[PDB]
Amino acid sequence: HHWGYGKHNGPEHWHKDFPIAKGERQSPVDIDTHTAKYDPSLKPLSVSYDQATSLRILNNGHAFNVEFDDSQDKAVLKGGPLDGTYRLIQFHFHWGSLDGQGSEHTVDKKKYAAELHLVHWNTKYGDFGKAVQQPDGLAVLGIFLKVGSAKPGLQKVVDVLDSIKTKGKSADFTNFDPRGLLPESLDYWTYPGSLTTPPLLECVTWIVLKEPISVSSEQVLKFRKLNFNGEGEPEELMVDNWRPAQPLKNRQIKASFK
Ligand SMILES: NS(=O)(=O)c1ccc(-c2cc3ccccc3[nH]2)cc1
Ligand SMILES: [Zn+2]
């Protein structure tokens, strides 16, 4: 009886196994765009993904992860609110059963169809398991998805999904360039928060881009063909794998842009 996104094991239940679910810096949050303050001291973000090495795509039972080689500084995030160098380890998405829901962060209470998380860890902590025990251990770049025109750089991800339909399946996934997932602008909001799934550790500097990327209806429909279950188990479609907004508590959301 482990955590998930159903009636009986979804977000409102997680606190019983993970009491930090009710902590002081949980994610996601609603981004009130009128209350976020421009911070002219924030630097532009530096996204350096030209040397990225994707390796594998995995259905882990709660999303799919595209994993990278993070044994060297190859694809890194720096600048912005960050001190130091954060290495890309994986990306994944959260999405809905309908186009009107799916994102974890919201903007003035608006839900997007999906949200991409590019997860990076602070190299001063040596590896990822150590980083998630630190308050500045991770930087997750969040990018909203709206349904409209297709995103050509997403199609290679969409097309491999039928090979990882069920929990615990993985497939080779080399030479994927995550630059094709980014919007044109790197304007962002940033705040200190947490992992959005158990163990819900309070180790993340969140950087959420203001500009969404567009994806087609057909692209998101393929996300919704994935399964939460393992092979040979009753089919339960992987949809609505998002945690709702949590209380902001004693935090301020900063904007990189006026
Ligand atoms: N949705 S999210 O990007 O906040 C996210 C990123 C990473 C994890 C994440 C899960 C986990 C489990 C054991 C050890 C380290 C871990 N990092 C969870 C959520
Ligand atoms: Zn996520």
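One is the number of the first residue; the rest follow in order along the sequence.
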Under 3.5 Å, is there a donor-acceptor pair linking the side chains of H117 and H94? yes
List the atom of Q26, the atom of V29, and the distance in Å for their closest heavy-atom pair. O-CG1, 3.6 Å
Closest heavy-atom pair, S214 versus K151, reported as atoms and distance to 0.1 Å, is O-CB, 3.2 Å
Could you work out, with salt bridge (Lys or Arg N to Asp or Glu O under 4.0 Å) as the rule, every residue matching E24, not counting sequence neighbours? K249
Sub-3.5 Å donor-acceptor pair from the side chain of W95 to the main-chain atoms of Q101, do we have one? no
Backbone N/O of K109 and side chain of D30: donor-acceptor pair under 3.5 Å: yes
Any residue meeting salt bridge (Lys or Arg N to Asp or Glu O under 4.0 Å) with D73, in chain and number order, not counting sequence neighbours: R87
Counting C-beta onward and ignoring hydrogens, is there a side-chain heavy-atom pair between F64 and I164 closer than 4.5 Å? yes
Could you work out, with side-chain hydrogen bond (donor to acceptor under 3.5 Å, both in side chains) as the rule, every residue matching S27, not counting sequence neighbours? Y191, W206
Give me each pair satisfying salt bridge (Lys or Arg N to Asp or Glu O under 4.0 Å) with a member in residues 193-203, each pair once, sequence neighbours excluded. none
Using modelled atom types and a 3.5 Å cut-off, is there a donor and acceptor pairing between side-chain atoms of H120 and backbone atoms of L118? yes
For the backbone of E104 and the side chain of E115, can you confirm whether one donor and one acceptor N or O come within less than 3.5 Å of each other? yes
When rounded to the nearest 0.5 Å, the distance separating CZ of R251 from CD of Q246 is 9.0 Å
Is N241 reaching over with its side chain to a backbone N or O of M238, donor-acceptor style, under 3.5 angstrom? no
Closest heavy-atom pair, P183 versus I213, reported as atoms and distance to 0.1 Å, is N-CG2, 3.6 Å
Kindly state whether the ring of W189 and the ring of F257 have centres lying under 6.0 angstrom apart. yes
Mind checking whether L237 and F93 sit in one hydrophobic cluster, side chains of I, L, V, M, F, W, Y counted as touching below 4.5 Å? yes
What residues, two or more places apart in sequence or in another chain, satisfy side chain to side chain contact (heavy atoms under 4.5 Å, CB included) together with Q90? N65, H92, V119
Tell me, please, which residues at least two apart from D177 pass salt bridge (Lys or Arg N to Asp or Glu O under 4.0 Å). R179
So, the side chain of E67 versus the backbone of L58: is there a donor-acceptor pair under 3.5 Å, distance only? no
Among all residues two or more places apart in sequence or in another chain, which pass the salt bridge (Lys or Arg N to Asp or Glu O under 4.0 Å) test with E231? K169
Can you see whether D172 engages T174 through a side-chain donor-acceptor pair at a distance of less than 3.5 angstrom? yes
side-chain hydrogen bond (donor to acceptor under 3.5 Å, both in side chains) filter on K167, not counting sequence neighbours, yields none
Would you say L82 ends up clustered with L182 if hydrophobic residues are merged whenever their side chains have heavy atoms under 4.5 Å apart, either directly or through other cluster members? yes
Under the side-chain hydrogen bond (donor to acceptor under 3.5 Å, both in side chains) rule, collect the residues that match up with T53, sequence neighbours excluded. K74
Which distance, rounded to the nearest 0.5 Å, do you find between the OG of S170 and the CG of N60? 11.0 Å
For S216, is there any backbone N or O sitting under 3.5 Å from a side-chain donor or acceptor partner on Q219? yes
To the closest 0.5 Å, what do you measure between CG (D108) and NZ (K110)? 10.5 Å
Are the side chains of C203 and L195 in touch, meaning some heavy atoms are under 4.5 Å apart? yes
Any donor and acceptor pair, going by atom type alone, linking the side chain of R25 with main-chain N or O of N250 inside 3.5 Å? no
Using a strict cut-off of less than 4.0 Å between a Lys/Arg side-chain nitrogen and an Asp/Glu carboxylate oxygen, indicate whether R224 and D99 qualify as a salt bridge. yes
More than 12 heavy atoms of other groups within 6.0 Å of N175 CG: no
To the nearest 0.5 Å, atom CD of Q252 lies from atom OG1 of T190 at 12.5 Å
Can you get from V47 to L42 by hopping between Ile, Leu, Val, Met, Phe, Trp and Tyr side chains that sit under 4.5 Å apart? yes
Which pair of non-hydrogen atoms, one from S48 and one from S46, has the smallest distance, and what is that distance? OG-OG, 3.7 Å
Check the pair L77 / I207 against side chain to side chain contact (heavy atoms under 4.5 Å, CB included), numbers first and verdict last. CA-CA 11 Å; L77 179 74; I207 297 170; 4.2 Å; yes
Kindly state each residue pair satisfying ring-ring contact (aromatic ring centres under 6.0 Å, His included) with at least one member in residues 149-183, sequence neighbours excluded. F91-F176, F173-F176
Below 3.5 Å, can you tabulate the donor-acceptor pairs from side chains in residues 130-149 to any protein atom, sequence neighbours excluded?
| from | atom 1 | to | atom 2 | distance (Å) |
| --- | --- | --- | --- | --- |
| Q133 | NE2 | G129 | O | 2.9 |
| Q134 | NE2 | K130 | O | 3.1 |
| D136 | OD1 | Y125 | OH | 2.6 |

Within a strict 4.5 Å, meaning less than it, do heavy atoms of the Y188 and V208 side chains meet? no
Can you find a heavy atom in the side chain of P11 that is under 4.5 Å from one in the side chain of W3? no
Do other residues, nucleotides or ligands put more than 12 heavy atoms under 6.0 Å from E233 CD? yes
Does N9 offer a backbone N or O that forms a donor-acceptor pair with the side chain of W14 under 3.5 Å? yes
Linking I/L/V/M/F/W/Y whenever any side-chain heavy atoms sit under 4.5 Å apart, do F68 and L55 land together? no
So do the side chains of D39 and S256 get within less than 4.5 Å of each other, counting heavy atoms only? no
Could you tell me whether the side chain of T35 and the main chain of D32 form a donor-acceptor pair under 3.5 Å? no
Please step through side-chain hydrogen bond (donor to acceptor under 3.5 Å, both in side chains) for the pair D70 and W121, ending with a clear verdict. CA-CA 9 Å; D70 63 345; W121 57 272; 2.8 Å; yes
Under the ring pair (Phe, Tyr, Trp, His ring centres under 6.0 Å) criterion, do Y112 and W242 qualify, and how do the steps go? CA-CA 11 Å; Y112 287 87; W242 48 278; over 10 Å; no
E235 and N229: side-chain donor and acceptor closer than 3.5 Å? no
Using the side-chain hydrogen bond (donor to acceptor under 3.5 Å, both in side chains) criterion, which residues pair with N122? Sequence neighbours excluded. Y86
Do you see a donor-acceptor pair shorter than 3.5 Å between the side chains of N227 and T166? no
Under the side chain to side chain contact (heavy atoms under 4.5 Å, CB included) criterion, do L88 and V76 qualify, and how do the steps go? CA-CA 6 Å; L88 176 66; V76 299; over 6 Å; no
Nearest heavy-atom contact between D187 and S185 is N-OG, 3.1 Å
How many angstroms lie between atom OG of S97 and atom CG of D240, to the nearest 0.5 angstrom? 3.5 Å
Inter-residue atom distance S103.OG - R243.CZ, 0.5 Å rounding: 14.5 Å
